[PDB]
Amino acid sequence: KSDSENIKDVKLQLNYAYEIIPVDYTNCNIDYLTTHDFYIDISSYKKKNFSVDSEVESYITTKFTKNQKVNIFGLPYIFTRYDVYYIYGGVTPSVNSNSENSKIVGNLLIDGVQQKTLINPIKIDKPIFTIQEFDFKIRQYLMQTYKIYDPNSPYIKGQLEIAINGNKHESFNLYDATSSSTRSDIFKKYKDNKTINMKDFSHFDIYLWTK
């Protein structure tokens, strides 16, 4: 009865996955490090014992050390009866007051043609941030503004490209899911804990396609 039914279901899974409140805490202590998990304390914020378990890919926790202060910006993929938030990656070194006021500019292209230059569509206050934080915020902006995950929008393909000084153009599929994808499935990509220093950030490009 249709040839676009699948992309609609894919968009539905993405719209649901990203319509969420992130785990956002700054200047938190790394209580313990395992081969693939960060165990971070956020008890001071909660006023009761509470931690965050950030699961990552190999050789990421080795970049950190116990009792180092870090910032957390991760999307929860599951909830349990315990006072612990479960996220993938989203961990960066906290190196200052975390009150950066840097300008974020980007280009929005649809079907290969520039539509507008986005000025501060999103805001990031930390000097070092994860692509997860940038990705979440930009998708939310796109969801709210261009309805990119609405079944009635013409967008069925899209990429987010982040330009970093040194020809490093990170590129991510904006329609990265199947009709069966859970938040865990969709967020697993963030286990690489990919991080960018705002000072190395040049701009970003959003490529949306209708065919």
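Residue numbers run from 1 along the displayed sequence.
Novice: Going by the mean C-alpha B-factor recorded in the entry, which is higher: 74-82 or 125-133?
Specialist: Per the PDB record, 125-133.
Novice: Using only C-alpha atoms and the B-factors in the entry, which stretch averages higher, 199-207 or 186-194?
Specialist: Higher mean C-alpha B-factor in the PDB entry: 199-207.
Novice: Using the temperature factors in the entry, find which of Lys63, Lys69, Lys147, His36 has the highest value at its Cα atom.
Specialist: Highest CA B-factor of the listed options: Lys63.
Novice: What's the residue among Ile138, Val91, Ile87, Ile104 with the greatest CA temperature factor in the PDB record?
Specialist: Comparing C-alpha B-factors across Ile138, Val91, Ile87, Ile104, the top value belongs to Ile104.
Novice: Mind checking which third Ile156 falls in for C-alpha B-factor across the chain?
Specialist: As the PDB entry reports it, the C-alpha B-factor of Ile156 lands in the highest third of its chain.
Novice: Determine, from the deposited record, the chain-internal third of the Cα B-factor for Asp53: lowest, middle or highest.
Specialist: Bottom third by C-alpha B-factor.
Novice: Looking at the entry's B-factor column for C-alpha atoms only, identify whether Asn165 ranks in the lowest, middle or highest third of its chain.
Specialist: Highest third, going by the recorded CA B-factors of the chain.
Novice: Ranking the modelled residues of this chain by C-alpha B-factor as given in the entry, is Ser179 in the lowest, middle or highest third?
Specialist: As the PDB entry reports it, the C-alpha B-factor of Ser179 lands in the middle third of its chain.
Novice: Where does the C-alpha B-factor of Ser171 rank in its chain, lowest, middle or highest third?
Specialist: Answer is highest: the recorded C-alpha B-factor places it there.
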